[PDB]
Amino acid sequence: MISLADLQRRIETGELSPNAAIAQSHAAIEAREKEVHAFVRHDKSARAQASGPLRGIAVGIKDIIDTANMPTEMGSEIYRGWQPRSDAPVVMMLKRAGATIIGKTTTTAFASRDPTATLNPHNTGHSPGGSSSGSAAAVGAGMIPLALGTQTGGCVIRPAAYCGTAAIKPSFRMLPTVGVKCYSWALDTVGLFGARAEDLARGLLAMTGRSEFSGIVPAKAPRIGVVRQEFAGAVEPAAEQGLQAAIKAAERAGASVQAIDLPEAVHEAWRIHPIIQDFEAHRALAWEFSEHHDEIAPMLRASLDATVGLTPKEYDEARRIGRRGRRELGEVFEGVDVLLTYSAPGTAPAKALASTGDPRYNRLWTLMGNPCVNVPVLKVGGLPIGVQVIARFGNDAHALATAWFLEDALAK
């Protein structure tokens, strides 16, 4: 994979010019796009900017995120050829930093369950995960140093795990969702894909200008709390193998690791995530459901058809449950710095299964809002397995520092 942090340093010293860096990316996309199919649109004329911390850094943009110079089709025929008037604020954050918007990456229809045609970079016979399919696949195939995606369930962490890339779903609302096709406004969170945790840090620093992302360095002897989310059921063997391998590497690296239980309030929050998500989806996709029902991809069409009856009452009750979960979760972080858990149920499903993977081990955290980071651990049968590093809400910097620590620990 291409490291944004590495390119930044070489461009800064003058060893690499922004133009050359961008040509590197176009060439990398050209080299594997025909086999991975990670881009809805590759702008071959995209050029490097002359200044800014991200000059020479090519970025892929999930196609539910508005761009003014390229179409934003939401991964649906309903939006075929749709051209937004403006670039989404997060896209402008990248452009203002000197970055190059090299193309739009594939997204499942309206960021839901319907598979895209994108293939896993590690084995084209498997899913790259979803819904940020293209962003994860592009970074995983070494095409680009950075890519934006979104997460409502686990659309960021899961595909990152499946494609073996580092990724972060920042604290809820740190990054604006303006210009980001909404599925659930209570959940939707913009995320980033990169080679390693340090690349994510540099990306967030340039996009936000927040000092918390400046000077980040690997954490030391972190206090890790292991949670296996039993409420979501048992994970597949490969996922547990990756977790055990991560715990051992962390310990031998000097970290204190303890298995912790999550408050009942948190278990309940995981349970009602679907209520909040699906109820809001019906309001957020009202026009599509009412005027273009049959044109909505099959799986999403079915999920919507099966949730039309959700009431404002059970919705409010679910939101109340979610708020109680957030409160008590914070308590868990009084004795531990970060939580360590699964990033996905196991290795990426075969494409033949027509599934982007079960988001059950990701959804709770999107509702709680905590910053989550995927750390590639190993591969089973050639398929990547990762672990998810979670810090307290607003502690994104620490999540990245511990992830970096974990990466070094795994490399021994």
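Quick note: we count residues from 1 along the sequence shown, nothing fancier.
(message) Highest mean C-alpha temperature factor of the two stretches 246-254 and 142-150, which is it?
(response) The stretch with the larger mean CA B-factor is 246-254.
(request) Pick between 310-318 and 179-187: the one whose mean CA B-factor in the entry is higher. (result) Result of the comparison: 310-318.
(message) Can you tell me which of 363, 351, 47, 26 has the maximum CA B-factor listed in the PDB entry?
(response) Highest C-alpha B-factor among the listed residues goes to 47.
(request) Name the residue from 79, 162, 333, 172 with the greatest C-alpha temperature factor listed in the entry. (result) Going by the entry's C-alpha B-factors, 333 comes out highest.
(request) Divide the modelled residues of the chain into thirds by Cα B-factor and specify which third, lowest, middle or highest, holds residue 103. (result) Lowest third of the chain for residue 103's C-alpha B-factor.
(message) When the deposited Cα B-factors of this chain's modelled residues are ordered and cut into thirds, is residue 357 in the lowest, the middle or the highest one?
(response) For residue 357, the deposited C-alpha B-factor lands in the lowest third.
(message) Please say which third, lowest, middle or highest, residue 55 falls into when its CA temperature factor is compared across its chain.
(response) Middle third.
(message) Among the modelled residues of this chain, does the Cα B factor of residue 383 put it in the lowest, middle or highest third?
(response) Its C-alpha B-factor belongs to the highest third of this chain's values.
(request) Pull the Cα B-factor of residue 198 out of the PDB entry and bin it into the chain's lowest, middle or highest third. (result) According to the entry, residue 198 has a C-alpha B-factor in the chain's middle third.
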